[PDB]
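Chains as they are written, first to last, in the entry's author numbering: chain A, 894 to 943; chain B, 1699 to 1728, 1734 to 1783; chain C, 795 to 844; chain D, 646 to 695.
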Amino acid sequence: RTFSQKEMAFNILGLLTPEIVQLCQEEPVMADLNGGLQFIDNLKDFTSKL
Amino acid sequence: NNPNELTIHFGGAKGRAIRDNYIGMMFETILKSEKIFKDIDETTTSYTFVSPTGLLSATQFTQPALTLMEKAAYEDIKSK
Amino acid sequence: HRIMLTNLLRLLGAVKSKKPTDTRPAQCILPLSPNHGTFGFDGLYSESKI
Amino acid sequence: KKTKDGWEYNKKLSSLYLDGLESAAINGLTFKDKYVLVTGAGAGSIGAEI
């Protein structure tokens, strides 16, 4: 899937939650907000094809 | 400095330990066990002390400061 | 690249230098990318993101 | 070898590289007609031995 600016902002603002804040305090947080794009083989070629 | 305001922050492990100290502080009376800092809990990230003109006049900070100035003067006197 | 990486690290370092307190960390929301060079001609964008 | 995501150890490529190393160890390695540009090859460095 592909996000809107509002959706991405909601995701990051949730990443600014108190729970993720303390999580970052105790341990660096890697938040994959990619909408499943990592599972596409040859993303550049597929994008150019589309 | 005698700051008018002073915010203690509870971020990181040291912050959690300090918050635990503040939470464990209890005002036992006759047996009731009301907490000194009722507004501090596990979900609080900070606590602010409030004074009208300066925190050095506050009882919690005045007493340690005065006890300590007297102790330090007496210990320098002892060293002499 | 300077904007995206070097001055970013300098901003974080300046905040750290300004903080003598150790109990109020600043949460740095790094805009990481899932695509480090897989897409086409982007200059040093992928370099900075990785 | 790069999988459909990241880089993981590969048996075939590793065996090829180690076989090349074995060949270089026994018979030596010719670099004739190889035009190289090496930097950071001062005395007491890996580049100097290269």
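Idealized CB from N, CA, C, for every residue including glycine.
Per DSSP, the bridge partner or partners of B/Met1724: Answer by DSSP bridge pairing, in chain order: B/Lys1738.
Compute the Euclidean distance between the alpha carbons of B/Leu1704 and D/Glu653, then round it to the nearest angstrom. Straight-line Cα distance between these residues: approximately 53 Å.
Starting from the beta carbon of A/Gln918, find every residue of chain B whose beta carbon is closer than 7 Å, and list them in chain order. The answer, in chain order, is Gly1709 and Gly1710.
If contacts are defined as beta-carbon pairs under 8 Å, then D/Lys646 and D/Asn655 qualify, I think. What distance do you get, rounded to the angstrom? 4 Å
Buried or exposed (CB count within 10 angstroms, at least 16 for buried), B/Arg1717: buried
Can you give the beta carbon distance from B/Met1724 to B/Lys1712, rounded, assuming they're within the 8 Å contact cut? In fact, because the Cβ distance is near 22 Å, the residues do not count as touching under 8 Å.
Expressed to the nearest angstrom, what Euclidean distance is found between the alpha-carbon atoms of A/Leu916 and D/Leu666? 47 Å
Measuring only the C-alpha atoms, how far is D/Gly673 from C/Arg804? Cα to Cα, the separation comes out at about 49 Å.
The region 1746–1776 of chain B: which residues have C-beta closer than 9 Å to a C-beta of chain A, in chain order? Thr1746 and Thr1748
Does the Cβ of C/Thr817 have 16 or more other Cβ atoms within 10 Å, making it buried, or fewer, making it exposed? Of the other Cβ atoms in all chains shown, 16 or more fall within 10 Å of the Cβ of C/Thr817; this residue is therefore buried.
Supposed close pair A/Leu909, A/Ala924 - CB separation, criterion 8 Å: Not a contact, Cβ separation roughly 11 Å.
Where the beta strand (DSSP E) containing residue 789 of chain C begins and where it ends: Residue 789 of chain C is absent from the structure shown; chain C starts at 795 and stops at 844.
Taking contact to mean 3 or more Cβ pairs, one atom from each stretch, closer than 8 Å, check whether the region 1764–1778 of chain B and the region 1743–1751 of chain B are in contact. no
Which partner residues of D/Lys647 appear in the DSSP bridge assignment? D/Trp652
Which residues in chain C sit within 7 Å of B/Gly1713, going by Cβ to Cβ distance? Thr817
Pull up the distance between the alpha-carbon of A/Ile913 and that of C/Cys822, whole angstroms please. 12 Å
Distance, C/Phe833 Cα to D/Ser668 Cα: 38 Å
Does A/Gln915 get closer than 8 Å to chain C when you measure Cβ to Cβ? no
Looking at chain E, is there any beta carbon in it that lies within less than 8 Å of the beta carbon of C/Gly807? Going by chain labels, chain E is absent from the structure shown, which instead holds the protein chains A, B, C and D.
Could you tell me the boundaries of the beta strand (DSSP E) in which B/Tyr1777 lies? Counting along the chain, B/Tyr1777 falls outside any beta strand (DSSP E), though it belongs to the alpha helix (DSSP H) covering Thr1762 to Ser1782.
Any idea what DSSP makes of B/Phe1708, helix, strand or coil? In the structure shown, B/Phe1708 falls within a coil segment according to DSSP collapsed to helix, strand and coil.
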